[PDB]
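Input: a single structure, listed below in structure tokens.
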Amino acid sequence: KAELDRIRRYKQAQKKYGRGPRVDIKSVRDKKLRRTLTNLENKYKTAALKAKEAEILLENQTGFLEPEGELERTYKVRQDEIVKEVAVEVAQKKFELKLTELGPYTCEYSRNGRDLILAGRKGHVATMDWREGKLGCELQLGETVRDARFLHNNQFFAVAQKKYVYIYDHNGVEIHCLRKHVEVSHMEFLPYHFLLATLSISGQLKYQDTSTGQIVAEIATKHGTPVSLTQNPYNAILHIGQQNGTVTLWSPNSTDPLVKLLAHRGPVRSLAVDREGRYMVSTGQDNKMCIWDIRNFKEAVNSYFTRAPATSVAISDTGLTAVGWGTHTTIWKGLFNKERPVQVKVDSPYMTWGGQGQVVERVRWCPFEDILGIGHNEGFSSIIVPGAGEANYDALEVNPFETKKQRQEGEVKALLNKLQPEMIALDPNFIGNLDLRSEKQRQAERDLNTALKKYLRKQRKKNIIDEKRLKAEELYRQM
Amino acid sequence: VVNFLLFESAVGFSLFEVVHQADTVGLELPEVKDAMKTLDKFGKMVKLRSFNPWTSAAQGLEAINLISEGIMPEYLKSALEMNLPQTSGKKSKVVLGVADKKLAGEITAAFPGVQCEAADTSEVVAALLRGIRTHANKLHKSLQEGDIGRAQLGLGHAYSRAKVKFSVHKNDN
Amino acid sequence: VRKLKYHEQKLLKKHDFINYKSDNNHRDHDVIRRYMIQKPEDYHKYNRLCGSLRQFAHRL
Amino acid sequence: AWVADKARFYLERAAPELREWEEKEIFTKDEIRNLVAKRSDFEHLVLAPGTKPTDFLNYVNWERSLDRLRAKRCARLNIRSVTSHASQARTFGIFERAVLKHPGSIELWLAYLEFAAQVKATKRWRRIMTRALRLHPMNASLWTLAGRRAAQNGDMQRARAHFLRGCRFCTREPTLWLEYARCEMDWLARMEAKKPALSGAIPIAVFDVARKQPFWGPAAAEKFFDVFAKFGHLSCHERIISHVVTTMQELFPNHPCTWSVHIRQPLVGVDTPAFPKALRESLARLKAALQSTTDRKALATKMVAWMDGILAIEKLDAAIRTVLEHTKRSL
Amino acid sequence: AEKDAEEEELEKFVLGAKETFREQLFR
Amino acid sequence: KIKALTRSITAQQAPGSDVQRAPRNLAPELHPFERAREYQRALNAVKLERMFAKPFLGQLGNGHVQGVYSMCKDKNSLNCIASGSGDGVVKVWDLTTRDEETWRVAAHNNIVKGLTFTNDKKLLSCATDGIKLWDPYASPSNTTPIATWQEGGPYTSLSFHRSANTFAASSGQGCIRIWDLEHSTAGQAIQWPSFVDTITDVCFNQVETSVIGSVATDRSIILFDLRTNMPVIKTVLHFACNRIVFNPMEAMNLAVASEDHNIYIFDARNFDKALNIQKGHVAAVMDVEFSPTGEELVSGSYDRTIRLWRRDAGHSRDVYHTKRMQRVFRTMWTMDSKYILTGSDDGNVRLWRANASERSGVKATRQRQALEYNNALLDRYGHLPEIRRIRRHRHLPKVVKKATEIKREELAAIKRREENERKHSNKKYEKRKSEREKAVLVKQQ
Amino acid sequence: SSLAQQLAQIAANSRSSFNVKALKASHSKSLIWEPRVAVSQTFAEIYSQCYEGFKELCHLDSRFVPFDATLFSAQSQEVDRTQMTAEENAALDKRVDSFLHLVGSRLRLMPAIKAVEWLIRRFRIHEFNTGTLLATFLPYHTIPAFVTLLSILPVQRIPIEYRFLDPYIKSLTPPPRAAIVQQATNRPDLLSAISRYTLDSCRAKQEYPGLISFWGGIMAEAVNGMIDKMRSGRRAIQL
């Protein structure tokens with residue numbers, strides 16, 4: 001019939017924007033509760049339906065490339081062919097920085113992709129606006145550099161020196177150094193909480209609140225130096241990856257790991273985790289990489305193999321992933337589809353960047369454009385890959401063209417809605433659920449032959465006599 | 001509770017229709033005084049309903065020399081006949097807000113269904129016409145041909161000279 | 001960050017991006033800048049030496 | 001400027017019509033992306049601070065042409081399920097915030113009245129006409145549009161309501177008074193062709209009240225006669241014309257306009273043996289007028305203008321034509 | 001063709017003419 | 001078939017316009033921490049309303065000399081108040097100009113017990129002297145009354161009809177008596193047939209005309225039908241009731257402020273049980289008044305408190321207090337249903353606001369949307385522990401806090417005594433009588 | 001600062017704007033309108049005014065009717081030059097060079113200046129075709145329109161042969177024929193560029209006497225100064 005499209009529309013919107021199963025109105029016994037819950041179910045149904053109908057006003061289109069003939073394959077496509085076939089405002093972004101004498105470089109974009117920071121190993125830390133081509137800062141620092149990271153804006157950044165971390169302003173003037181964070185080898189900035197989480201080489205993980213300036217919870221990961229660290233963008237829990245070959249999930253409200261996904265036989269070399277929090281791909285020292293469903297904590301498919309222990313892996317805003325191993329990175333497209341209940345293995349990579357003798361230190365996706373920045377020992381190299389990048393951003397959350405007034409107002413609103421670090425769990429939507437023990441105690445204070453042998457075995461050891469045990473002795477004598 | 005209000009100025013007389021009328025208990029409150037200051041929060045109160053300009057400076061001179069003496073003019077009666085809903089006050093009235101009490105009495109005597117509130121007596125319509133006199137340049141600017149400054153200047157000169165009889169015994173220049 | 005409003009300041013009473021409480025009123029930065037020390041590591045080395053000297057005086 | 005958050009509502013309102021057009025095969029997806037971008041640019045131009053009635057009219061014209069294009073495409077693809085009601089509702093919304101923003105622009109008011117009359121909205125048209133008349137009461141064109149459309153509908157009492165308030169306001173120029181006499185005598189002609197009214201005393205009353213107005217000139221009374229002289233096929237037309245002539249003769253005795261109505265009086269309903277008989281009567285009046293003591297240049301310019309109006313018609317005799325030329329050339 | 005000239009004029013006015021702009025470019 | 005996503009800055013600003021275009025994508029992958037960010041915004045909303053909760057607005061004039069023992073608004077106008085003090089002087093105030101009184105007169109000898117406005121423009125006042133009528137709005141000021149009434153015992157309160165010129169005065173002889181102005185002199189005295197105790201308050205029902213409620217010091221409420229001039233029903237409660245009032249949107253609901261520290265919302269058709277029991281006070285409740293929207297209540301108590309209530313709440317939405325306010329005798333709304341007025345025993349008429357953190361005037365759209373968003377967010381997340389403790393914290397004076405702690409101890413002791421007597425007596429085999437059913441002692445006709 | 005040098009070369013070679021202030025400045029660069037008005041102008045206003053100018057130009061001369069279909073089209077309101085490929089950009093460059101050779105004769109007229117303003121404000125000819133635009137405005141180097149084009153030209157987008165114009169961009173005065181002739185005797189590239197422009201026009205028969213007299217005068221004075229430089233007295237050096 002003609003209403004079949006209507007029922008399909010409602011099923012699709014209840015899948016996507018529904019955020020829950022539905023309230024069962026037939027089991028409600030109260031009359032006023034029944035009509036108010038029917039009113040609420042009508043309002044939530046039209047809410048999801050109007051969001052799905054207003055998903056037509058999205059402006060941009062997702063990029064792609066598809067092979068035409070039967071012999072042509074997508075991984076044999078050259079960057080010169082992409083640059084010839086693509087528009088000029090996005091063919092401008094395929095550059096290459098040639099910085100040779102100051103260590104392997106480490107790239108990190110800001111979370112709108114306006115400014116990128118690249119840090120050499122021997123000290124050369126620079127901060128540039130890579131589309132407009134101007135550099136905001138460049139400074140040399142002397143000693144080694146473990147990791148450089150932007151903070152909430154492109155105003156402040158944070159560099160991990162030979163002992164401490166240092167946070168710097170937009171001009172590069174050093175605001176301060178953090179002395180509690182010694183020998184920091186990895187850093188990750190939670191964006192919605194204002195926490196900066198640092199793994200030392202000793203295995204200690206410190207969460208420092210950036211806004212107010214006090215370290216929230218120093219967790220000591222009891223086993224080994226950590227090899228890698230990433231951050232779930234959906235839970236804000238930290239997937240750190242050890243050297244015995246397990247990845248452990250950490251949160252500032254517990255000193256034990258939340259889960260520990262057992263992984264590759266050697267140490268895991270790199271991790272990456274989806275921005276919807278669905279799946280995690282990890283690459284180990286044993287040459288395999290493998291993906292996990294995170295919402296169920298099981299392995300999705302068999303282990304893919306990489307032909308070298310992959311130094312970095314970073315997955316995009318859409319389904320693409322760049323796994324950078326040895327001296328050339330490969331991009332895979334369909335590793336984890338959200339819609340499929342049982343995942344299938346991908347035969348061929350989506351596209352491969354060339355191996356011409358520059359060992360890849362770190363690959364990163366520019367968060368809203370369809371490019372990929374590889375930081376290697378010869379410097380920085382930005383390549384363009386069409387399928388990646390979220391085509392339609394939201395101007396309220398994060399904006400690639402944010403003016404000065406919009407940046408000021410957004411920083412103040414993010415300060416006002418910074419989340420307390422005790423609001424971190426495996427499921428981030430728990431706020432308002434039942435304390436079941438407290439509800440059972442409230443209802444209690446409102447309404448007011450195989451185990452009874454190990455009972456006596458446990459209570460003969462106290463040796464309190466405790467009249468319930470006298471009743472249990474009489475029961476055992478009767479038995 | 002006001003429905004419409006007259007407002008006479010040197011270019012002509014315009015009557016506004018109030019929507020979301022003013023709070024009468026919190027008239028001496030600082031937030032309501034700031035609302036009466038800002039045009040972005042007083043143009044929500046007033047919406048321009050009708051405008052009648054003069055045909056000539058002679059008609060403007062006759063307009064002042066009738067209105068200041070108190071008596072309403074025939075074209076003001078005409079524009080009120082055109083803009084107000086025709087009623088007699090047996091089951092439904094229309095509240096008009098005017099600046100002068102004698103003009104209030106005469107408009108109520110000419111139209112029995114229109115109850116007039118004078119600004120000299122009622123503080124709500126006093127504050128409301130005060131806000132319109134404050135923002136009177138911007139509420140009319142879509143149909144304000146030219147300005148109001150030279151119109152008020154020439155009209156005050158014409159009114160003062162007609163009251164004084166200046167030109168008949170000033171001759172020495 | 002812009003200058004905070006009245007209610008925004010009252011909600012962010014304990015907030016400033018520049019000086020924390022772990023920065024020690026930027027005493028390190030003020031002394032390094034005053035006496036032209038070209039190494040913050042040299043400041044903190046002198047400071048830990050002065051701290052060991054003060055605890056020797058305390059045990060005496 | 002909260003213009004992004006302000007235009008979000010109008011785009012989210014126009015979205016489900018685009019969903020229906022995409023789920024039918026009428027507009028393809030690239031064309032619907034183009035419609036989305038064009039409506040978004042138009043809304044962010046319309047709700048801007050510094051805007052213009054030509055900008056509002058460009059948006060109105062684009063939405064109305066989109067409705068016409070979808071009507072052509074729907075008739076070509078043979079669908080009857082898709083209706084134009086949402087497009088007419090959003091066009092009325094554009095026009096309502098247009099007349100909210102710029103109420104002093106009669107071009108936009110008349111475009112609103114033309115749109116509301118064209119998509120068959122008579123009651124809405126009357127309400128828009130009342131608001132436009134309240135904002136521009138000195139506009140004779142708006143008053144005649146109101147009165148003539150109420151007479152075209154046939155509500156002669158409402159047409160008289162609009163016309164009498166219009167003659168109460170517009171007393172500087174004769175234009176609305178002439179149009180009211182034209183509408184009242186057209187009502188008289190409708191009352192005759194349907195076969196008080198038997199007397200037809202209302203244009204005489206209009207003349208008697210118009211005698212004391214600030215436009216009351218001999219040229220204005222000649223304009224009254226030039227209005228009255230059309231559609232002479234009536235009953236009391238000779239009464240009205242004779243009253244106009246005796247009024248002008250008793251008030252402005254030696255004006256060239258009064259001599260012109262003395263010339264052109266006896267040619268009321270003539271087209272035919274009664275045509276040259278009354279022409280010879282009028283030419284006797286004209287020769288007496290030319291020899292008489294009046295401003296001969298003014299009377300001659302009036303007569304050569306009326307003689308161009310005479311020469312505009314065919315089907316006459318050449319001797320009469322050449323004697324009109326001979327009497328014309330020496331003026 | 002199965003399209004009126006008035007329909008093609010309305011299509012060029014309302015919907016845009018990007019394809020025929022590219023066609024007029026590549027000649 | 002290569003195509004990558006190209007973003008011009010035309011997607012942020014079209015050239016030639018100052019409008020910053022804000023494209024929005026509502027997909028949930030882009031907006032993490034939905035429930036957590038909304039909890040943080042609700043917590044900010046509670047702390048913001050506790051910061052901007054500033055309810056005291058002003059004080060009408062210099063006040064009275066002795067305390068304000070009666071006051072009455074004009075239910076037709078919007079800024080006409082009157083208040084009669086304890087030294088028998090009444091004042092008519094205009095709320096637009098609160099600097100000085102509009103009209104004052106040394107009305108009576110004793111305190112002014114009741115006071116009201118007529119529907120024309122004139123006002124009436126009771127005393128133990130007898131009731132009087134004045135014209136406070138006249139072109140010469142007249143101190144002398146234009147009518148007076150002494151026969152009918154000692155009068156206690158007044159209540160005027162909604163439409164006509166009828167009013168009922170509650171006397172101390174156990175009767176109410178009803179006058180119609182301009183054609184009645186002594187009025188008609190309606191009484192319960194053998195009734196002796198004084199009728200304290202009287203209130204015309206404004207919705208249903210010709211239904212009159214009254215309380216009396218027999219701890220009883222009585223009704224009256226004016227159409228057939230007789231009493232209707234009489235129920236005896238447990239404690240004395242200070243004041244009856246009706247709901248201006250629901251014709252059948254009434255509220256009695258009673259010496260049980262309590263407000264009882266009753267149904268006039270079924271006096272079996274109370275529809276609601278508002279319990280929050282410390283000393284006796286002196287005055288109760290429904291909001292003109294019919295969904296809220298003010299109660300001025302005999303300790304130093306005003307308590308603002310919702311209609312279905314059963315516990316305080318707000319409490320207002322002041323060191324200068326000595327006792328509270330008469331509280332009533334303005335007809336805006338936004339501001340409340342308080343006639344105290346310090347001789348002061350004070351003007352507070354309900355919705356203490358909500359400022360009046362015209363708001364911009366992004367201002368009132370932020371306020372409505374905060375209110376909806378508190379409606380959802382108002383029951384969580386942090387949000388709950390900050391939204392319930394209010395600073396009470398030390399006497400009221402100490403006495404409500406004593407009242408909690410005494411009520412818990414009485415509940416424990418009753419529960420022990422139930423568990424060890426023969427009442428154990430009965431259903432627990434609900435508290436709204438226990439609110440009424442007997443009902444009789 | 002080898003990295004700053006590589007990034008400076010990348011930023012100079014880049015063509016499309018990537019932040020909002022850069023888009024607003026590049027849209028603000030115009031011939032006719034002042035910058036405060038030319039920021040806030042959509043591509044329908046510019047197309048209406050400049051299509052009135054092109055209607056006047058197409059009524060003057062007959063041979064603008066292919067550009068009526070390809071360059072001044074209602075679809076060419078919307079085409080972004082930086083989003084098409086290299087062959088589309090090269091064919092657009094050929095069409096622009098043909099129009100500039102065609103419009104060079106009437107360039108003192110306000111219709112032709114409106115047409116060049118459409119090319120500048122839509123296709124960004126001052127950035128992508130700086131050679132042909134600067135060469136077709138060079139015979140008019142004594143006029144305020146050349147002063148305005150010199151004002152709106154980017155500095156690093158000028159070819160190396162026309163880099164004598166830098167003091168006349170720093171101080172907005174029209175350059176003299178002495179400066180053009182002296183740079184023609186010093187650089188062979190400028191003389192070759194002027195002669196290549198006028199011969200490429202004259203092969204397409206779009207010559208005009210102003211261009212012919214300009215090239216004849218500057219090559220005559222340049223060969224004069226070049227002989228006076230080449231004269232040496234030593235036999236092998238003069239050979």
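Please note that chains go A, B, ... in the order of the structure tokens, that every chain numbers its residues from 1, and that ligands are numbered from 1 in the order shown.
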
Once you count only C-alpha atoms, what closest atom pair and distance in Å to one decimal does each residue of chain G within 6 Å of chain F have, with rows by chain and rising residue number, as a tab-separated table?
```
residue	atom	partner	partner_atom	distance
G:20	CA	F:9	CA	6.0
G:39	CA	F:16	CA	5.2
G:40	CA	F:16	CA	2.1
G:41	CA	F:16	CA	3.7
G:42	CA	F:16	CA	5.3
```

Report task. Please identify all polymer residues within 9 Å of segment 230-247 of chain F, counting only C-alpha atoms, omitting same-chain residues fewer than 4 positions from it, and present them as a ChimeraX atom specification. Result -> /F:190-193,200-207,213-226,251-260,271,284-295,439-445

Determine, using only C-alpha atoms, which residues of chain B have any atom at most 8 Å from an atom of chain F, and tabulate each with its shortest atom pair and distance in Å to one decimal place, rows ordered by chain and then rising number, as CSV.
```
residue,atom,partner,partner_atom,distance
B:22,CA,F:361,CA,7.7
B:23,CA,F:361,CA,7.1
B:24,CA,F:96,CA,6.9
B:25,CA,F:95,CA,5.9
B:26,CA,F:96,CA,7.6
B:27,CA,F:96,CA,6.5
B:28,CA,F:96,CA,7.1
B:31,CA,F:361,CA,6.0
B:32,CA,F:361,CA,4.7
B:35,CA,F:362,CA,6.0
B:40,CA,F:364,CA,7.8
B:41,CA,F:362,CA,5.8
B:42,CA,F:362,CA,7.6
B:44,CA,F:362,CA,7.8
B:123,CA,F:96,CA,6.9
```

Write to file, as a PDB file, in the first residue's frame, the residues of the selection just made, with N, CA, C and O atoms.
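What ended up in part.pdb:
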```
ATOM      1  N   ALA B  22       1.458  46.303  28.372  1.00  0.00           N
ATOM      2  CA  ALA B  22       2.443  46.541  29.411  1.00  0.00           C
ATOM      3  C   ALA B  22       1.926  46.127  30.778  1.00  0.00           C
ATOM      4  O   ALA B  22       0.740  46.262  31.085  1.00  0.00           O
ATOM      5  N   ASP B  23       2.839  45.627  31.606  1.00  0.00           N
ATOM      6  CA  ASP B  23       2.499  45.287  32.981  1.00  0.00           C
ATOM      7  C   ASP B  23       2.278  46.560  33.778  1.00  0.00           C
ATOM      8  O   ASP B  23       3.124  47.458  33.777  1.00  0.00           O
ATOM      9  N   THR B  24       1.139  46.638  34.457  1.00  0.00           N
ATOM     10  CA  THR B  24       0.734  47.857  35.137  1.00  0.00           C
ATOM     11  C   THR B  24       1.149  47.919  36.596  1.00  0.00           C
ATOM     12  O   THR B  24       1.192  49.017  37.158  1.00  0.00           O
ATOM     13  N   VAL B  25       1.441  46.791  37.225  1.00  0.00           N
ATOM     14  CA  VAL B  25       1.896  46.771  38.599  1.00  0.00           C
ATOM     15  C   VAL B  25       3.395  46.987  38.677  1.00  0.00           C
ATOM     16  O   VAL B  25       3.887  47.722  39.534  1.00  0.00           O
ATOM     17  N   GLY B  26       4.137  46.379  37.765  1.00  0.00           N
ATOM     18  CA  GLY B  26       5.557  46.619  37.693  1.00  0.00           C
ATOM     19  C   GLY B  26       5.926  47.719  36.723  1.00  0.00           C
ATOM     20  O   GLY B  26       6.844  47.552  35.925  1.00  0.00           O
ATOM     21  N   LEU B  27       5.233  48.853  36.765  1.00  0.00           N
ATOM     22  CA  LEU B  27       5.635  49.952  35.900  1.00  0.00           C
ATOM     23  C   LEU B  27       6.868  50.665  36.429  1.00  0.00           C
ATOM     24  O   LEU B  27       7.657  51.192  35.641  1.00  0.00           O
ATOM     25  N   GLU B  28       7.053  50.692  37.745  1.00  0.00           N
ATOM     26  CA  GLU B  28       8.206  51.333  38.353  1.00  0.00           C
ATOM     27  C   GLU B  28       9.353  50.363  38.581  1.00  0.00           C
ATOM     28  O   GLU B  28      10.165  50.581  39.487  1.00  0.00           O
ATOM     29  N   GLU B  31      13.544  46.455  35.248  1.00  0.00           N
ATOM     30  CA  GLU B  31      13.514  45.647  34.035  1.00  0.00           C
ATOM     31  C   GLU B  31      12.484  46.166  33.039  1.00  0.00           C
ATOM     32  O   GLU B  31      12.742  46.180  31.829  1.00  0.00           O
ATOM     33  N   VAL B  32      11.353  46.666  33.528  1.00  0.00           N
ATOM     34  CA  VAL B  32      10.327  47.187  32.635  1.00  0.00           C
ATOM     35  C   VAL B  32      10.727  48.560  32.112  1.00  0.00           C
ATOM     36  O   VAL B  32      10.420  48.916  30.969  1.00  0.00           O
ATOM     37  N   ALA B  35      13.055  47.717  29.323  1.00  0.00           N
ATOM     38  CA  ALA B  35      12.243  47.337  28.175  1.00  0.00           C
ATOM     39  C   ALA B  35      11.654  48.545  27.461  1.00  0.00           C
ATOM     40  O   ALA B  35      11.621  48.572  26.229  1.00  0.00           O
ATOM     41  N   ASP B  40      14.266  47.202  20.702  1.00  0.00           N
ATOM     42  CA  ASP B  40      14.085  45.786  20.415  1.00  0.00           C
ATOM     43  C   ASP B  40      13.121  45.110  21.381  1.00  0.00           C
ATOM     44  O   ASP B  40      12.675  43.996  21.106  1.00  0.00           O
ATOM     45  N   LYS B  41      12.796  45.753  22.505  1.00  0.00           N
ATOM     46  CA  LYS B  41      11.827  45.229  23.452  1.00  0.00           C
ATOM     47  C   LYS B  41      10.616  46.126  23.648  1.00  0.00           C
ATOM     48  O   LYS B  41       9.822  45.865  24.554  1.00  0.00           O
ATOM     49  N   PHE B  42      10.459  47.172  22.844  1.00  0.00           N
ATOM     50  CA  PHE B  42       9.242  47.969  22.836  1.00  0.00           C
ATOM     51  C   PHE B  42       8.498  47.865  21.513  1.00  0.00           C
ATOM     52  O   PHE B  42       7.269  48.057  21.461  1.00  0.00           O
ATOM     53  N   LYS B  44       8.100  45.052  20.171  1.00  0.00           N
ATOM     54  CA  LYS B  44       7.232  43.913  20.406  1.00  0.00           C
ATOM     55  C   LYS B  44       5.897  44.344  20.982  1.00  0.00           C
ATOM     56  O   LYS B  44       4.893  43.669  20.758  1.00  0.00           O
ATOM     57  N   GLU B 123      -1.328  55.867  34.143  1.00  0.00           N
ATOM     58  CA  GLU B 123       0.115  55.681  34.076  1.00  0.00           C
ATOM     59  C   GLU B 123       0.548  54.649  33.053  1.00  0.00           C
ATOM     60  O   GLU B 123       1.649  54.770  32.507  1.00  0.00           O
TER      61      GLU B 123
END
```

Report task. Report as an NGL selection string the set of chain C residues whose atoms approach chain A to within 8 Å, with distances computed over only C-alpha atoms. Result -> :C and (1-2 or 4 or 8 or 11-12 or 14-23 or 26)

Restricting it to N, CA, C and O atoms, dump the selection as a short mmCIF file (atom, residue, chain, number, x, y, z; two decimals), in the first residue's frame.
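The result, written out as selection28.cif:
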```cif
data_model
loop_
_atom_site.label_atom_id
_atom_site.label_comp_id
_atom_site.auth_asym_id
_atom_site.auth_seq_id
_atom_site.Cartn_x
_atom_site.Cartn_y
_atom_site.Cartn_z
N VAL C 1 39.56 33.43 26.17
CA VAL C 1 38.25 33.51 26.79
C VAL C 1 37.93 34.98 27.07
O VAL C 1 38.80 35.76 27.47
N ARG C 2 36.68 35.37 26.81
CA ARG C 2 36.23 36.72 27.06
C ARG C 2 36.13 36.98 28.56
O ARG C 2 36.25 36.06 29.39
N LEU C 4 34.33 37.21 31.79
CA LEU C 4 33.15 36.49 32.22
C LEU C 4 32.12 37.46 32.78
O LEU C 4 32.46 38.44 33.44
N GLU C 8 28.16 34.08 34.97
CA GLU C 8 29.17 33.15 34.46
C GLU C 8 30.38 33.12 35.37
O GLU C 8 30.96 32.05 35.58
N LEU C 11 29.44 31.10 38.50
CA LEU C 11 29.48 29.66 38.27
C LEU C 11 30.90 29.16 38.03
O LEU C 11 31.21 28.01 38.36
N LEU C 12 31.77 29.96 37.41
CA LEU C 12 33.19 29.62 37.29
C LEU C 12 34.03 30.46 38.26
O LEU C 12 34.89 31.24 37.86
N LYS C 14 36.19 29.12 40.50
CA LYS C 14 37.49 28.51 40.68
C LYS C 14 38.25 28.33 39.38
O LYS C 14 39.13 27.47 39.31
N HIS C 15 37.95 29.12 38.37
CA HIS C 15 38.49 28.91 37.03
C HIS C 15 39.41 30.04 36.63
O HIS C 15 39.03 31.21 36.69
N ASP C 16 40.62 29.68 36.20
CA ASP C 16 41.46 30.54 35.38
C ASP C 16 42.42 29.66 34.61
O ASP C 16 42.99 28.73 35.17
N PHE C 17 42.58 29.94 33.31
CA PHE C 17 43.41 29.09 32.47
C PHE C 17 44.89 29.34 32.68
O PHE C 17 45.71 28.49 32.33
N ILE C 18 45.25 30.49 33.24
CA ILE C 18 46.65 30.90 33.23
C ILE C 18 47.36 30.44 34.50
O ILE C 18 48.31 29.65 34.44
N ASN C 19 46.91 30.90 35.66
CA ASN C 19 47.56 30.53 36.91
C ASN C 19 46.73 29.50 37.65
O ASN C 19 45.59 29.76 38.04
N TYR C 20 47.32 28.32 37.84
CA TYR C 20 46.72 27.27 38.64
C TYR C 20 47.17 27.47 40.08
O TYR C 20 47.76 28.49 40.44
N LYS C 21 46.92 26.48 40.93
CA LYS C 21 47.53 26.49 42.25
C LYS C 21 48.82 25.68 42.26
O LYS C 21 49.65 25.83 43.16
N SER C 22 49.00 24.81 41.26
CA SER C 22 50.24 24.07 41.13
C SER C 22 51.34 24.90 40.49
O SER C 22 52.49 24.46 40.49
N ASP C 23 51.02 26.06 39.94
CA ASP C 23 52.03 26.91 39.32
C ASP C 23 52.77 27.77 40.33
O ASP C 23 53.76 28.40 39.95
N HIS C 26 53.44 31.48 39.75
CA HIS C 26 54.45 31.66 38.70
C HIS C 26 55.76 32.21 39.25
O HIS C 26 56.38 33.08 38.64
#
```

Report task. Kindly indicate which residue among B:109, B:57, B:29, B:143 lies nearest to residue 103 of chain D, using only C-alpha atoms for the distances. Result ->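 Comparing B:109, B:57, B:29, B:143 against residue 103 of chain D, the winner is B:143.
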
Report task. Enumerate the residues of chain E with a DSSP assignment of alpha helix (DSSP H), computed from the backbone, and present them as number ranges by chain. Result -> E: 5-10, 18-25

Residues just named, written with C-alpha atoms as a compact mmCIF listing (two decimals), in the first residue's frame:
```
# COMPACT_ATOMS: atom_id res chain seq x y z
CA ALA E 5 9.24 25.94 -23.66
CA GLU E 6 7.50 27.71 -20.77
CA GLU E 7 8.33 24.69 -18.61
CA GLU E 8 11.98 24.84 -19.66
CA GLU E 9 12.04 28.57 -18.94
CA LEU E 10 10.61 27.91 -15.48
CA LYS E 18 24.39 24.58 -13.95
CA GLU E 19 24.43 21.72 -16.47
CA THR E 20 23.85 24.01 -19.44
CA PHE E 21 26.45 26.40 -18.01
CA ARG E 22 28.99 23.57 -18.13
CA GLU E 23 27.74 22.68 -21.62
CA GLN E 24 28.24 26.29 -22.75
CA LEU E 25 31.73 26.20 -21.24
```

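Shortest separation to chain F among D:320, D:48, D:227, D:18 occurs at residue D:48, atoms counted being only C-alpha atoms.
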
Query - Within 7 Å of segment 184-199 of chain A using only C-alpha atoms, minus same-chain residues under 4 positions, as a VMD selection string - result: chain A and resid 146 to 147 151 to 152 160 163 to 165 203 to 211 229 to 231 236 418 to 421

Report task. Write out as a ChimeraX atom specification each polymer residue whose atoms come within 9 Å of segment 59-67 of chain A, counting only C-alpha atoms; drop sequence neighbours fewer than 2 positions from it. Result -> /A:56-57,69-74,370,385-392 /D:33,36-37 /F:1-7,11,23

**Report entry** Residues within 8 Å of residue 351 of chain A, only C-alpha atoms, excluding chain neighbours under 5 positions, as JSON, numbers by chain
**Finding:** {"A": [74, 75, 76, 77, 330, 331, 332]}

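Residues surrounding residue 32 of chain G within 9 Å are residues 38, 113, 114, 117 and 148 of chain G [only C-alpha atoms; sequence separation below 3 positions excluded].
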
Query - Between atom CA of residue 223 of chain A and atom CA of residue 181 of chain A, distance in Å (one decimal) - result: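 Rounded to one decimal, the two atoms are 18.7 Å apart.
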